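Residue-level structural notes
So you can see what is in the structure, the chains are spelled out below.
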Amino acid sequence: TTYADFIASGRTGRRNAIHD
Amino acid sequence: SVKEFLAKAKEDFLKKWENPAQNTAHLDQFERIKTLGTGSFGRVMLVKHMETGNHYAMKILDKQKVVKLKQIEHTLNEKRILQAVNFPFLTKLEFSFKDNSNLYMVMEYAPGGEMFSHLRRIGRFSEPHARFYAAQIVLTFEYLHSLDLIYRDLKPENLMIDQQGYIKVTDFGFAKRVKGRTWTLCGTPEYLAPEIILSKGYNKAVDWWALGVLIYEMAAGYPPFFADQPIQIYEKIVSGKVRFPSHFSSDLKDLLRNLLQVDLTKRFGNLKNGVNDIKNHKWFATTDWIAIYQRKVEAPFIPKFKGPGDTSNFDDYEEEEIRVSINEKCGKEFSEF
Ligand SMILES: c1cnc2[nH]ccc2c1
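Residues numbered from 1 in each chain as written, not as in the entry; some residues may be left out. Chains lettered and ligands numbered in written order. Heavy atoms only, no water.

- As stated in the entry header, the method of structure determination is X-ray crystallography and the reported resolution is 2.00 Å.

In structure tokens, the structure reads:
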């Protein structure tokens, strides 16, 4: 399931901003 | 009238924008209590103002670190904007100051925690729970955009829940006052509009794209474009394809298809009718925009408190000193702060 795929991913915690 | 409310708001904003407040407190006036959030782009602490005993959130930036990260002008943007705005769902600066080492921005404390925390714990929000939060963002963006401000960092991590269950849109590190186009690559991968990824000039429409992302994430419990590495996310975003969970209402999916529109000509918030294509959409039919603004709607969830200065709705972070050098750093860079 898409939920399961999310929860197993590396990006369920707080996400940092990006920049150049 | 909305038009007339905004006209007066702008008059109020411009006066403070053109003559910013500066050096209105000192670090020694505050008791440091707890780190509420932290990253490379600075940290936020709960502090107590000793003269009033009021609690505030205090953002602390290390001037040298700001410089190394090329965030000088962005930081000046943040402070200059936040001292000037005033809106029920923003936390304007109550005070700002600097010392030899750091920059300080003191704002209203929202004790309910980050939306991120509750969203992740609970899994997903009901469409009505999500619509209640979305409404507040729509109004905030209407306000901000009318003042020629773009926000550029919508995500649940930046959305704090207050004692009444209403939100504060926090962290203005990438916010900018711009008429016309801008170009900076900034924001958070999951929420980046395609324009930004593809290095085009972009405008306030990137915020309306980010709204589509937030609504999706709130209602689904995961973002519409995710993967393990940013580059894979960017490929999904520019693809032009999005899948909705089977539980998403017909009205929700239609709103999101028009927010998450890769074509600027067809993106809601960016058509000739502006924000009203959003406010008049069927998904918001039950929304009383003035009641939301007046904060008379009953929140679908009120946070647990056990007193003032309670931090139980926030994660625990390693506590680091607030060091103050005996030598002034970066004076010229931050002269206007
Ligand atoms: C956490 C709680 N309250 C806040 N107000 C401004 C930032 C911030 C962070």
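Still more ground to cover, so stick around.
Some details on the sheet that holds strand β5 (residues 102–108) of chain B
Residue and element names in this part refer to chain B.
- Here 5 strands make up an open sheet; going across it, the order is β1-β2-β3-β5-β4 and the pairing antiparallel. The outermost strands of the open sheet, each flanked by one partner alone, are β1 (30–39) and β4 (93–98). On average, each strand axis in the sheet is tilted by 25° relative to the strand beside it, whichever way the strands run.
- Bridging between β1 and strand β2 (residues 42–49) involves 8 bridges; their strand directions are antiparallel. (Pairing = 2+ DSSP bridges. Helix = DSSP H or I, 4+ residues; strand = E, 2+ residues; numbered from the N terminus. Axes fitted to C-alpha atoms, helices over the stretch in contact; angles between N-to-C directions.)

Describing the pattern of salt bridges
- Counted according to the given criterion, the structure contains 22 salt bridges over all chains.
- Here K59 of chain B and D171 of chain B are joined by a salt bridge, their closest N and O atoms 3.0 Å apart. Residue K59 of chain B is located in strand β3 (residues 55–62), and its partner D171 of chain B is located in the loop between β8 (167–169) and β9 (176–177); the two are separated by 112 residues in the primary sequence.
- Taking the relative accessible area as the measure of exposure, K59 of chain B reaches 7% and is therefore buried.
- Each of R15 of chain A together with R120, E157 and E217 of chain B takes part in a single network of salt bridges with overlapping partners. (Salt bridge = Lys/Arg side-chain N within 4 Å of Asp/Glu carboxyl O. Buried < 20%, exposed > 50% of the residue type's maximum accessible area, 1.4 Å probe, protein only.)

Points about the site of the ligand
Residues and elements named next belong to chain B.
- Around the ligand sit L36, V44, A57, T91, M107, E108, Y109, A110, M160, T170 and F314, and those are all the residues in its vicinity.
- The contact in question runs from a nitrogen atom of the ligand to an N or O atom on the backbone of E108, over 2.9 Å.
- Contact between the ligand and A110: a nitrogen atom at 3.0 Å from a main-chain N or O atom of the residue.
- Taking 250 Å² as the accessible area of the ligand by itself, protein coverage stands at 96%.
- A breakdown of the residues in the shell around the ligand according to their chemical character gives 8 nonpolar, 2 polar and 1 charged. (Near = heavy atom within 4 Å. Polar contact = N/O pair within 3.5 Å; in protein donor to acceptor, adjacent residues only side chain to side chain. Areas by Shrake-Rupley, 256 points an atom, 1.4 Å probe, with all protein chains shown as cover. Nonpolar A, V, L, I, M, F, W, Y, C, P; charged D, E, K, R; others polar.)

Focus: empty space enclosed by the protein
All names here are of chain B.
- In total, this model carries 2 cavities of 30 Å³ or more according to the counting rule given.
- Lining of the largest cavity is provided by 13 residues; of these, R152, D153, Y191, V206 and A210 occupy positions nearest its centre.
- Of the residues contributing to the lining of the largest cavity, the split by class is 8 nonpolar, 2 polar and 3 charged.
- Of the voids in this model, the second largest cavity is the one considered here, and its volume is about 40 Å³.
- In terms of lining residues, the second largest cavity is bounded by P111, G112, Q163, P303, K304, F305, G307, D310 and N313.
- Partitioning the lining of the second largest cavity into residue classes produces 3 nonpolar, 4 polar and 2 charged.
- Counting only domains with at least three residues in the lining of the second largest cavity, you end up with domain 1 (1–19 + 114–304) and domain 2 (20–113 + 305–335). (1 Å grid on protein atoms, 1.4 Å probe; cavity = no way out; pocket = protein on both sides within 12 Å on 5 of 7 lines; lining within 4 Å. Points joined across faces, edges and corners; volume = space filled by probe spheres on them. Domains from an automatic or database assignment.)

Section: the pairing of β2 of chain B
Residues and elements named next belong to chain B.
- Of all 8 residues in β2, 6 are buried; the element is thus mostly enclosed.
- In sequence, β1 turns back onto β2 through a hairpin of 2 residues.
- Strand direction decides the pairing type here: β2 and β3, joined by 6 bridges, are antiparallel. Its bridge partner lying in β3, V44 is registered against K59.
- In sequence, β2 turns back onto β3 through a hairpin of 5 residues, with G53 there showing a positive phi of about 60°.

Concerning the UniProt feature "domain: Protein kinase" in chain B
- Mapped onto the present numbering, the UniProt feature "domain: Protein kinase" falls at residues 30–284 of chain B.
- Taken end to end, residues 30–284 of chain B is 35% helix and 20% strand, and its first and last C-alpha atoms sit 42 Å apart. (UniProt positions renumbered as here; feature names shortened; annotations may be inferred.)

Topic: the nonpolar core
Residue and element names in this part refer to chain B.
- Grouped together as the largest cluster of nonpolar side chains are 92 residues, with contacts concentrated most on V85, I215 and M218.
- The biggest single contributor to this core is helix α7 (residues 205–220), with 12 residues.
- When we break this core down by domain, the ones giving at least three residues each are domain 1 (1–19 + 114–304) and domain 2 (20–113 + 305–335).
- Counting residues in each nonpolar core, the second largest holds 12 residues, with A25, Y56, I60 and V106 among its members. (Core = buried A, V, L, I, M, F, W, Y, C linked by side-chain atoms within 4.5 Å.)

Some thoughts on the domain arrangement of chain B
All names here are of chain B.
- If you check the domain split of chain B, you get domain 1 (1–19 + 114–304) and domain 2 (20–113 + 305–335).
- Here the C-alpha centre of domain 2 lies 24 Å away from the C-alpha centre of domain 1.
- Taken residue by residue, the interface counts 41 residues in domain 1 and 32 residues in domain 2.
- On the domain 1 side of the interface with domain 2, the three residues burying the most area are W17, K168 and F172, jointly 20% of the side's total.
- Linking domain 1 with domain 2 are 3 salt bridges.
- Here domain 1 and domain 2 share 13 residue pairs in polar contact between them.
- Broken down by secondary-structure element, the contributors of at least two residues to the side of domain 1 that touches domain 2 are α1 (2–18), α4 (115–122), α5 (127–146), β7 (159–161), β8, β9 and α11 (289–294).
- Per-class residue counts for the side of domain 1 that touches domain 2 are 21 nonpolar, 9 polar and 11 charged. (Contact = heavy atoms within 4.5 Å. Buried area = accessible area lost by both parts, 1.4 Å probe.)

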